[PDB]
Amino acid sequence: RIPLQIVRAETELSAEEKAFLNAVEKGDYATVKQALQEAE
Amino acid sequence: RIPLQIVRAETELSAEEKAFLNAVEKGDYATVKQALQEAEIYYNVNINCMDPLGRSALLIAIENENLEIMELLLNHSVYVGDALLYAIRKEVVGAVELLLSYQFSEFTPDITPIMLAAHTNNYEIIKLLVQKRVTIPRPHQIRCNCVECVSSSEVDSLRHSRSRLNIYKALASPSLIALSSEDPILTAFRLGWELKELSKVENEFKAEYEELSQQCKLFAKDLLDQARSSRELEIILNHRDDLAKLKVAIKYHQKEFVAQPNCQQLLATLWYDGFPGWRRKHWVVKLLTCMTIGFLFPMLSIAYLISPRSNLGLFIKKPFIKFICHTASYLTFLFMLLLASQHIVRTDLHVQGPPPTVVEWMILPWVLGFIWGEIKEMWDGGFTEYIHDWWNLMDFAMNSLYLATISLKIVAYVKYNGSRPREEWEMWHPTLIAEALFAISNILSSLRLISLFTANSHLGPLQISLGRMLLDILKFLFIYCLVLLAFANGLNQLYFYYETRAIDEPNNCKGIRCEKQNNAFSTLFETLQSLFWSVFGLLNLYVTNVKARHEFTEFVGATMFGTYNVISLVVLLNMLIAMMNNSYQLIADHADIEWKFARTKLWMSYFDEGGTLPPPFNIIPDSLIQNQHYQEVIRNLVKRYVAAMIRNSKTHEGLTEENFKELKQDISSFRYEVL
Ligand SMILES: CC(C)CCC[C@@H](C)[C@H]1CC[C@H]2[C@@H]3CC=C4C[C@@H](OC(=O)CCC(=O)O)CC[C@]4(C)[C@H]3CC[C@]12C
Ligand SMILES: [Ca+2]
Ligand SMILES: [Zn+2]
């Protein structure tokens, strides 16, 4: 009776980075362009 | 001519329910919506309607991996029970997230979502579940008498065993181990050991526990193969909870972990301390170096005794040099044993109690050193480990025989003083008994030299294979002994009426060790000896004849002997050969791993600084930083292993299904945009 946790935790990225990665994976020639403009 | 019907009929649903299920299966975001509206208003459709093959609308949508219908049904408050398990088994992360966002079943009622995810070994779903603070029950000891275990085993043994197996199968998941354990290697070692021990207590479910232990061992090895540097390898191998982790792996019987090429290279580097580029040299020069180092064994030892810090005294501290010196010392002892039984050094065979000769005086210190070394090793190193070697038994028997020989010689020297012809000595003379014991101990000590074969690349695997077949030889011995006892009983019963005294036999010799064999079946002991010696053809055929002319008895005895010969020499030996072949076929596959494990065990015994001197000369009188380094290396290894396994998971079936689903989604989106 011992709980299970995460020992070697990974530093997650922000919602902006997650959205950028999602757009890159899905494929959007314009959404990725505007995301890069926002990053700039 | 009998018709076929349906016996276990299923209660069919109405046309409304059939249409609703058809619409759900086909996919219609509006038709299903209006059907749910109709079910809400007029109750024409059951929201909890079930397929005859136990497949609700939510299950159909889950198997269709379309999330819009599932979200709408969840908003409509449909029975959602036991759907997360279907999503987990189908291994659909989006659907699993959707249900996690808030009768008849294909799953046993003890299965939890975390246990099912662990059974699947999906890292992405296991991490998602563990992120929400889930727990897993842990079972009781292998041999537990607590009331709760006894009651559970007394009410539902099938349920108890299935639950235990499910819990262990979940705990033995490589992804769960990597995600939730801080020492994955040690956890795999311990879990594999526990599963191997449990497989023989639950003999019915033996194969499942065996496969789980094999899985744990494979995980530990594959984690080890992800090291990229000698520094990382040394950090892994030297971590103390000098090669502590390697010693733990040896203790837990991790043969594939130990025999990995990176570990063997480190061990060889440690083994050849004083011979850089040993494999660069020719076999001839290596052989000559072996001989020269062997001959200088009395020196390098006196040097170590009189000046350990000197340049000469530090040579014997190397493992290979120590091994060579010990081998040379043992060979010298065996050569003196050979010299003991010669005409040059031993004469005057007529004395009752003889003083020890020069060869025996030279022999005694070696025996004392052997006994002292055995006792010292047994004290320092663990008493229970001393018996799990199967060579220490030979050592114990040999040393006991030597002690008995010395005691009998002393007793004879004390008791007897004078001379007497050897032909008129009694049967149990102490000198005779001591000589017999000395000969037996000589045989054992000469046979001990087998254990040095594991150090050679050609003889080691062969020796391991033969030692592996010995157990099945022992298995056949039982049946042979039973058959021998049966036939000995019969023959002795038939022939015990015709015993004769040694006076009436020629040369006054009685038994089967005479030139004319007689009285072969007069006693049980003699019958056993005769039936043993008939296996090799050393018993003559006229031993079945009695002095009187009892032809019926002689024929019955001859038929008994012939039946025994047929059964023993035509059937049992050929069956032994067949099963020897079968055993060797399986043994020959893993010869390299077993040989390397044995050689590693042999090498590791010369690394420590205890017992450096051979037996002839051995009777003369921070943690936190290491933890952080280990954690960093473990992080790197786990990341590399997970990435490699993920890239290996790319399969044709999965890629085809993903491409088909994506093409269907894009086609539907384009059709909707056009419409
Ligand atoms: C069959 C007759 C000649 C036996 C005579 C007895 C001894 C002269 C023999 C018996 C077993 C031999 C040993 C068997 C194996 C080895 C390991 C061997 O080590 C290697 O081969 C290391 C290199 C490698 O790994 O191949 C060094 C010699 C040695 C100790 C041998 C030395 C000579 C021994 C003691
Ligand atoms: Ca020993
Ligand atoms: Zn219990």
Side-chain angles (χ1 to χ4, degrees), chain A residues 15 18-19 22-23 25-28 31, chain B residues 11-107 111-114 116-117 120 122 124-125 128-129 131-132:
Chain A
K18 292 274 180 57
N22 268 349
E25 198 279 336
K26 262 80 165 181
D28 216 329
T31 300
Chain B
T11 299
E12 300 96 332
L13 288 182
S14 79
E16 212 86 21
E17 331 268 1
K18 292 274 180 57
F20 179 44
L21 255 55
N22 268 349
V24 155
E25 198 279 336
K26 262 80 165 181
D28 217 329
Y29 186 69
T31 300
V32 178
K33 176 75 180 287
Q34 70 191 2
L36 290 184
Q37 280 305 115
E38 289 141 30
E40 282 163 27
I41 294 167
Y42 318 99
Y43 296 91
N44 301 332
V45 201
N46 253 322
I47 294 169
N48 305 45
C49 57
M50 272 287 240
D51 216 285
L53 259 287
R55 277 209 298 71
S56 160
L58 193 38
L59 269 38
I60 299 160
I62 275 160
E63 202 157 26
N64 216 10
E65 60 254 33
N66 48 340
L67 299 96
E68 45 270 49
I69 314 194
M70 321 187 337
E71 197 175 3
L72 251 68
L73 289 161
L74 268 161
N75 285 324
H76 291 97
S77 315
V78 193
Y79 185 49
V80 85
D82 214 272
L84 193 57
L85 305 187
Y86 284 90
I88 286 167
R89 185 183 58 177
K90 192 61 37 144
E91 269 150 38
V92 290
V93 169
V96 166
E97 191 44 77
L98 177 63
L99 304 310
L100 270 161
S101 77
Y102 279 75
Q103 42 193 6
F104 168 74
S105 182
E106 313 198 16
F107 301 104
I111 285 195
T112 55
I114 174 64
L116 192 51
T120 67
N122 194 291
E124 289 77 21
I125 304 188
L128 210 153
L129 269 167
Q131 251 152 18
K132 295 305 189 328

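Letters A, B, ... are given to chains in the order of the sequence lines, protein chains preceding strands, and every chain is numbered from 1.
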- Task: Count the heavy atoms belonging to other residues, nucleotides or ligands that lie under 6.0 Å from CD1 of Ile41(B), then report whether that count exceeds 12.
- Result: yes

- Item | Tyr29(B), OH atom: more than 12 neighbouring heavy atoms under 6.0 Å | no

- Could you tell me whether the side chain of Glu25(B) and the main chain of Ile60(B) form a donor-acceptor pair under 3.5 Å? no

- Query: Heavy-atom distance under 4.5 Å between the side chains of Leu73(B) and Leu36(B), does that happen here?
  - Reply: yes

- All pairs passing side-chain hydrogen bond (donor to acceptor under 3.5 Å, both in side chains) where residues 30-45 of chain B contributes a residue, at least two apart: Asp28(B)-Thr31(B)

- Task: For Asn66(B) and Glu68(B), indicate whether the former's side chain and the latter's backbone hold a donor-acceptor pair under 3.5 Å.
- Result: no

- Item | side chain to side chain contact (heavy atoms under 4.5 Å, CB included) partners of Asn48(B), counting only residues at least two apart | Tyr79(B)

- Query: How would you list, by chain and number, every residue that makes a side-chain hydrogen bond (donor to acceptor under 3.5 Å, both in side chains) with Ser105(B), sequence neighbours excluded?
  - Reply: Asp82(B)

- Message: Does any part of the side chain of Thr120(B), heavy atoms only, come nearer than 4.5 Å to the side chain of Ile125(B), both counted from C-beta?
- Response: no

- With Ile88(B) as partner, the option from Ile111(B), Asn122(B), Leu116(B) fulfilling side chain to side chain contact (heavy atoms under 4.5 Å, CB included) is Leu116(B)

- Message: Do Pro113(B) and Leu85(B) have side chains that approach each other closer than 4.5 Å (heavy atoms only, starting at C-beta)?
- Response: yes

- Would a 4.5 Å heavy-atom cut-off, applied to side chains only, mark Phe20(B) and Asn46(B) as touching? no

- Hey, are the side chains of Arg89(B) and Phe107(B) touching, using non-hydrogen atoms and a 4.5 Å cut-off? yes

